[PDB]
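Asks: For reference, the structure I am asking about is given below.
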Amino acid sequence: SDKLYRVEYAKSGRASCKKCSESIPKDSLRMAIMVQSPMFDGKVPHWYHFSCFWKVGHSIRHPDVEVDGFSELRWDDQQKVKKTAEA
Amino acid sequence: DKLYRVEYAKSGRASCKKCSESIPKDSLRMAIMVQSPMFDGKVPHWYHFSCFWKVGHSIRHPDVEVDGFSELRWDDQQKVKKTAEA
DNA sequence: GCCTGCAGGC
DNA sequence: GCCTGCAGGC
Ligand SMILES: [Zn+2]
Ligand SMILES: [Zn+2]
């Protein structure tokens, strides 16, 4: 993907939130900023807790198109994302 | 503590202790379970379903002797039950 | 228990 | 691409 953001249920409980530094629990809703790596080719996620993600400031107009993995979310979470972005 | 286990193969890496060929992921496989003296916990010796019977393993009552039996799909439950009889 | 293949994190 | 955890084999 070439999108700037990603959302998904945490594939493990091992990722740390770039903002608050705590672990992001398996299966919890997490969002990433996708960044290029200097050490190799490929994009790499910077993960945040859902709430942590929004605190750090974001002008996401249409979550459905800008955020990779939006469609694979449970419906009510797709809403939680829209309501939050629009806020 | 049952002596046998049956399940759909969790991976494709296990090798049949009768014929030596690999046991394909999700295929129906059977094990005799053995206690390890190197660590607490049982080691399974896996077989392709058919190979299991060709080495002299024997089961009268699958339901009770074979761990995992009742989570098999129905037709596989019947296959095991009949093969055991035969 | 040890190994290994690979998924997840970075 | 490097590191590590871990599931799955034995
Ligand atoms: Zn956080
Ligand atoms: Zn075999």
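Naming scheme: A, B, ... for chains in displayed order of the structure tokens; residues 1 onward per chain; ligands 1 onward as shown.
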Up to 10 Å from chain D, what residues of chain A turn up? Count only C-alpha atoms (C1' of nucleotides) and give them as a ChimeraX atom specification.
Replies: /A:14,37,39-42
Asks: Neighbours of stretch 45-61 of chain B within 7 Å (only C-alpha atoms (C1' of nucleotides); same-chain residues fewer than 3 positions away dropped), as a CSV table (one decimal) with C-alpha atoms, in the first residue's frame?
Replies:
chain,number,residue,atom,x,y,z
B,14,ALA,CA,5.4,-33.4,10.5
B,15,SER,CA,6.7,-36.6,8.9
B,16,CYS,CA,4.8,-39.9,9.0
B,17,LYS,CA,6.6,-42.3,11.2
B,18,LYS,CA,5.6,-45.2,8.9
B,23,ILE,CA,1.8,-34.9,6.5
B,28,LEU,CA,-6.4,-35.9,9.1
B,29,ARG,CA,-3.5,-37.3,11.1
B,30,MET,CA,-3.2,-39.7,14.0
B,31,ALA,CA,-0.6,-40.0,16.8
B,32,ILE,CA,0.4,-42.3,19.5
B,33,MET,CA,1.4,-40.1,22.5
B,64,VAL,CA,-12.8,-42.8,24.6
B,65,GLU,CA,-9.3,-43.7,23.6
B,84,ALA,CA,-11.0,-48.9,14.2
B,85,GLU,CA,-13.6,-51.7,13.9
Asks: Name each residue within 8 Å of ligand 1, counting only C-alpha atoms (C1' of nucleotides) and all ligand atoms, as a PyMOL selection string.
Replies: chain A and resi 16-24+48-53
Asks: How many Å separate atom CA of residue A:10 from atom CA of residue B:7?
Replies: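 Going from atom CA of residue A:10 over to atom CA of residue B:7 covers 28.4 Å.
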Asks: Using only C-alpha atoms (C1' of nucleotides), which residues of chain B come within 9 Å of chain C, and what is the closest atom pair for each, with the distance in Å to one decimal? Give it as a tab-separated table, sorted by chain and residue number.
Replies:
residue	atom	partner	partner_atom	distance
B:38	CA	C:1	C1'	6.2
B:39	CA	C:1	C1'	5.4
B:40	CA	C:1	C1'	8.5
Asks: Keeping only N, CA, C and O atoms, write the selected residues to a file as an mmCIF file, in the first residue's frame.
Replies:
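Generated output (selection_4.cif):
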data_model
loop_
_atom_site.group_PDB
_atom_site.id
_atom_site.type_symbol
_atom_site.label_atom_id
_atom_site.label_comp_id
_atom_site.auth_asym_id
_atom_site.auth_seq_id
_atom_site.Cartn_x
_atom_site.Cartn_y
_atom_site.Cartn_z
ATOM 1 N N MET B 38 12.733 -36.048 28.972
ATOM 2 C CA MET B 38 13.627 -34.894 28.835
ATOM 3 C C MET B 38 12.958 -33.604 29.284
ATOM 4 O O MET B 38 13.616 -32.582 29.485
ATOM 5 N N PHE B 39 11.639 -33.667 29.409
ATOM 6 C CA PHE B 39 10.824 -32.539 29.802
ATOM 7 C C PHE B 39 9.423 -33.033 30.072
ATOM 8 O O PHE B 39 9.014 -34.065 29.541
ATOM 9 N N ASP B 40 8.684 -32.314 30.905
ATOM 10 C CA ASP B 40 7.308 -32.703 31.166
ATOM 11 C C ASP B 40 6.481 -32.423 29.927
ATOM 12 O O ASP B 40 6.523 -31.327 29.373
#
Asks: Between B:26, B:76, B:21, B:1, which is the closest to ligand 2 once you count only C-alpha atoms and all ligand atoms?
Replies: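 Using only C-alpha atoms and all ligand atoms, ligand 2 sits closest to B:21.
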Asks: Write out as a PyMOL selection string the set of residues from chain A that DSSP, computed on the backbone, places in alpha helix (DSSP H).
Replies: chain A and resi 50-55+63-66+75-86
Asks: Could you dump the residues just selected with N, CA and C atoms as an mmCIF file, in the first residue's frame?
Replies:
data_model
loop_
_atom_site.group_PDB
_atom_site.id
_atom_site.type_symbol
_atom_site.label_atom_id
_atom_site.label_comp_id
_atom_site.auth_asym_id
_atom_site.auth_seq_id
_atom_site.Cartn_x
_atom_site.Cartn_y
_atom_site.Cartn_z
ATOM 1 N N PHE A 50 -5.273 3.563 19.746
ATOM 2 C CA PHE A 50 -6.280 4.365 19.074
ATOM 3 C C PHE A 50 -6.369 5.792 19.644
ATOM 4 N N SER A 51 -6.500 5.932 20.954
ATOM 5 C CA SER A 51 -6.656 7.273 21.507
ATOM 6 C C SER A 51 -5.371 8.061 21.311
ATOM 7 N N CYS A 52 -4.244 7.416 21.589
ATOM 8 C CA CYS A 52 -2.956 8.057 21.434
ATOM 9 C C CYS A 52 -2.780 8.603 20.015
ATOM 10 N N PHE A 53 -3.218 7.835 19.030
ATOM 11 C CA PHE A 53 -3.109 8.259 17.643
ATOM 12 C C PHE A 53 -3.766 9.601 17.383
ATOM 13 N N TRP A 54 -4.945 9.801 17.939
ATOM 14 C CA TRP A 54 -5.696 11.001 17.633
ATOM 15 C C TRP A 54 -5.162 12.220 18.385
ATOM 16 N N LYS A 55 -4.638 12.009 19.584
ATOM 17 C CA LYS A 55 -4.035 13.106 20.314
ATOM 18 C C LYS A 55 -2.937 13.804 19.521
ATOM 19 N N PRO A 63 -11.606 8.718 6.044
ATOM 20 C CA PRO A 63 -10.917 7.578 6.640
ATOM 21 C C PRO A 63 -11.010 6.368 5.732
ATOM 22 N N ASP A 64 -12.195 6.141 5.178
ATOM 23 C CA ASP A 64 -12.449 4.984 4.322
ATOM 24 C C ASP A 64 -11.462 4.833 3.166
ATOM 25 N N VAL A 65 -10.944 5.948 2.665
ATOM 26 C CA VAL A 65 -10.033 5.896 1.526
ATOM 27 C C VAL A 65 -8.564 6.138 1.899
ATOM 28 N N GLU A 66 -8.337 6.955 2.927
ATOM 29 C CA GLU A 66 -6.979 7.338 3.320
ATOM 30 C C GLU A 66 -6.292 6.316 4.235
ATOM 31 N N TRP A 75 -17.805 -3.361 11.604
ATOM 32 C CA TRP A 75 -18.556 -2.190 11.188
ATOM 33 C C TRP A 75 -18.564 -1.089 12.236
ATOM 34 N N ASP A 76 -18.921 -1.426 13.464
ATOM 35 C CA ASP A 76 -19.013 -0.413 14.514
ATOM 36 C C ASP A 76 -17.680 0.289 14.804
ATOM 37 N N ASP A 77 -16.572 -0.347 14.435
ATOM 38 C CA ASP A 77 -15.256 0.257 14.598
ATOM 39 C C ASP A 77 -14.990 1.207 13.440
ATOM 40 N N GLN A 78 -15.428 0.806 12.253
ATOM 41 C CA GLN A 78 -15.407 1.684 11.097
ATOM 42 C C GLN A 78 -16.118 2.988 11.417
ATOM 43 N N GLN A 79 -17.133 2.904 12.266
ATOM 44 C CA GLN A 79 -17.864 4.088 12.646
ATOM 45 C C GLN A 79 -17.070 4.889 13.651
ATOM 46 N N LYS A 80 -16.530 4.195 14.646
ATOM 47 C CA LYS A 80 -15.725 4.825 15.681
ATOM 48 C C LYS A 80 -14.603 5.633 15.019
ATOM 49 N N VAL A 81 -14.044 5.087 13.943
ATOM 50 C CA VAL A 81 -12.984 5.763 13.218
ATOM 51 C C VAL A 81 -13.507 7.031 12.527
ATOM 52 N N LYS A 82 -14.608 6.905 11.788
ATOM 53 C CA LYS A 82 -15.224 8.061 11.145
ATOM 54 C C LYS A 82 -15.615 9.141 12.144
ATOM 55 N N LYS A 83 -16.379 8.780 13.162
ATOM 56 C CA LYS A 83 -16.778 9.771 14.139
ATOM 57 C C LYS A 83 -15.565 10.508 14.690
ATOM 58 N N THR A 84 -14.473 9.779 14.897
ATOM 59 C CA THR A 84 -13.300 10.364 15.535
ATOM 60 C C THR A 84 -12.512 11.269 14.593
ATOM 61 N N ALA A 85 -12.345 10.827 13.354
ATOM 62 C CA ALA A 85 -11.653 11.624 12.351
ATOM 63 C C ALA A 85 -12.397 12.938 12.115
ATOM 64 N N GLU A 86 -13.701 12.817 11.886
ATOM 65 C CA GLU A 86 -14.567 13.960 11.619
ATOM 66 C C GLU A 86 -14.560 14.956 12.772
#
Asks: Let's see if you can do this: from backbone DSSP, list all strand (DSSP E or B) residues in chain A, as number ranges by chain.
Replies: A: 5-9, 16, 23, 29-36, 43-49, 67-68
Asks: Go ahead and save the picked residues with N, CA and C atoms, as a PDB file, in the first residue's frame.
Replies:
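To be explicit, this is the file written out as selection33.pdb:
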ATOM      1  N   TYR A   5      -1.774   5.924   6.333  1.00  0.00           N
ATOM      2  CA  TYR A   5      -2.168   5.419   7.629  1.00  0.00           C
ATOM      3  C   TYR A   5      -2.639   3.999   7.492  1.00  0.00           C
ATOM      4  N   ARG A   6      -2.718   3.308   8.623  1.00  0.00           N
ATOM      5  CA  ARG A   6      -3.246   1.956   8.660  1.00  0.00           C
ATOM      6  C   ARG A   6      -3.948   1.729   9.981  1.00  0.00           C
ATOM      7  N   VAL A   7      -5.032   0.966   9.938  1.00  0.00           N
ATOM      8  CA  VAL A   7      -5.760   0.581  11.131  1.00  0.00           C
ATOM      9  C   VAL A   7      -6.072  -0.905  11.069  1.00  0.00           C
ATOM     10  N   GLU A   8      -6.030  -1.553  12.218  1.00  0.00           N
ATOM     11  CA  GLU A   8      -6.193  -2.988  12.268  1.00  0.00           C
ATOM     12  C   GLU A   8      -6.274  -3.409  13.720  1.00  0.00           C
ATOM     13  N   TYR A   9      -6.698  -4.642  13.949  1.00  0.00           N
ATOM     14  CA  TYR A   9      -6.646  -5.210  15.286  1.00  0.00           C
ATOM     15  C   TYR A   9      -5.252  -5.749  15.494  1.00  0.00           C
ATOM     16  N   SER A  16       4.850  -1.279  20.668  1.00  0.00           N
ATOM     17  CA  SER A  16       4.748  -0.165  21.597  1.00  0.00           C
ATOM     18  C   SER A  16       4.191   1.088  20.927  1.00  0.00           C
ATOM     19  N   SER A  23       2.671  -1.112  25.771  1.00  0.00           N
ATOM     20  CA  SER A  23       2.312  -2.140  24.819  1.00  0.00           C
ATOM     21  C   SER A  23       0.913  -1.931  24.312  1.00  0.00           C
ATOM     22  N   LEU A  29      -7.749  -2.192  18.925  1.00  0.00           N
ATOM     23  CA  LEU A  29      -7.770  -1.356  17.744  1.00  0.00           C
ATOM     24  C   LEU A  29      -6.604  -0.379  17.789  1.00  0.00           C
ATOM     25  N   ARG A  30      -5.730  -0.469  16.796  1.00  0.00           N
ATOM     26  CA  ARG A  30      -4.521   0.342  16.763  1.00  0.00           C
ATOM     27  C   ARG A  30      -4.338   1.035  15.408  1.00  0.00           C
ATOM     28  N   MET A  31      -3.739   2.217  15.417  1.00  0.00           N
ATOM     29  CA  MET A  31      -3.525   2.932  14.165  1.00  0.00           C
ATOM     30  C   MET A  31      -2.056   3.274  13.930  1.00  0.00           C
ATOM     31  N   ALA A  32      -1.633   3.242  12.674  1.00  0.00           N
ATOM     32  CA  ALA A  32      -0.248   3.523  12.366  1.00  0.00           C
ATOM     33  C   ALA A  32      -0.082   4.659  11.383  1.00  0.00           C
ATOM     34  N   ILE A  33       1.034   5.355  11.514  1.00  0.00           N
ATOM     35  CA  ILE A  33       1.538   6.229  10.476  1.00  0.00           C
ATOM     36  C   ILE A  33       2.555   5.388   9.725  1.00  0.00           C
ATOM     37  N   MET A  34       2.450   5.304   8.408  1.00  0.00           N
ATOM     38  CA  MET A  34       3.348   4.453   7.635  1.00  0.00           C
ATOM     39  C   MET A  34       4.539   5.256   7.155  1.00  0.00           C
ATOM     40  N   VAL A  35       5.729   4.833   7.563  1.00  0.00           N
ATOM     41  CA  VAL A  35       6.929   5.586   7.273  1.00  0.00           C
ATOM     42  C   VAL A  35       7.927   4.747   6.492  1.00  0.00           C
ATOM     43  N   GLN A  36       8.706   5.401   5.637  1.00  0.00           N
ATOM     44  CA  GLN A  36       9.760   4.718   4.896  1.00  0.00           C
ATOM     45  C   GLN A  36      10.920   4.418   5.824  1.00  0.00           C
ATOM     46  N   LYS A  43       7.904   0.251   3.486  1.00  0.00           N
ATOM     47  CA  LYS A  43       7.234   1.041   4.514  1.00  0.00           C
ATOM     48  C   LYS A  43       7.163   0.276   5.845  1.00  0.00           C
ATOM     49  N   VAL A  44       7.079   1.017   6.939  1.00  0.00           N
ATOM     50  CA  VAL A  44       7.062   0.448   8.269  1.00  0.00           C
ATOM     51  C   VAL A  44       6.078   1.246   9.102  1.00  0.00           C
ATOM     52  N   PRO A  45       5.210   0.559   9.856  1.00  0.00           N
ATOM     53  CA  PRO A  45       4.203   1.256  10.658  1.00  0.00           C
ATOM     54  C   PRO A  45       4.794   1.836  11.925  1.00  0.00           C
ATOM     55  N   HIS A  46       4.341   3.015  12.323  1.00  0.00           N
ATOM     56  CA  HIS A  46       4.567   3.492  13.670  1.00  0.00           C
ATOM     57  C   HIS A  46       3.227   3.392  14.378  1.00  0.00           C
ATOM     58  N   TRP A  47       3.118   2.452  15.316  1.00  0.00           N
ATOM     59  CA  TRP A  47       1.838   2.137  15.946  1.00  0.00           C
ATOM     60  C   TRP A  47       1.518   3.030  17.127  1.00  0.00           C
ATOM     61  N   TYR A  48       0.230   3.274  17.311  1.00  0.00           N
ATOM     62  CA  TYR A  48      -0.279   4.047  18.427  1.00  0.00           C
ATOM     63  C   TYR A  48      -1.505   3.340  18.964  1.00  0.00           C
ATOM     64  N   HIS A  49      -1.766   3.487  20.252  1.00  0.00           N
ATOM     65  CA  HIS A  49      -3.080   3.195  20.757  1.00  0.00           C
ATOM     66  C   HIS A  49      -4.063   4.058  19.959  1.00  0.00           C
ATOM     67  N   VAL A  67      -7.079   5.586   5.021  1.00  0.00           N
ATOM     68  CA  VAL A  67      -6.539   4.638   5.986  1.00  0.00           C
ATOM     69  C   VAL A  67      -6.605   3.201   5.507  1.00  0.00           C
ATOM     70  N   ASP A  68      -5.449   2.631   5.179  1.00  0.00           N
ATOM     71  CA  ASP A  68      -5.362   1.237   4.773  1.00  0.00           C
ATOM     72  C   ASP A  68      -5.892   0.286   5.864  1.00  0.00           C
TER      73      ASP A  68
END
Asks: Distance atom CA of residue A:25-atom CA of residue A:60, one decimal place?
Replies: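 That distance, rounded to one decimal, is 24.6 Å.
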Asks: Find the residues around residue B:71 up to 12 Å (only C-alpha atoms (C1' of nucleotides) counted), leave out those fewer than 2 positions away in its own chain, and share them as a ChimeraX atom specification.
Replies: /B:5-8,28,63,66-69,73-77
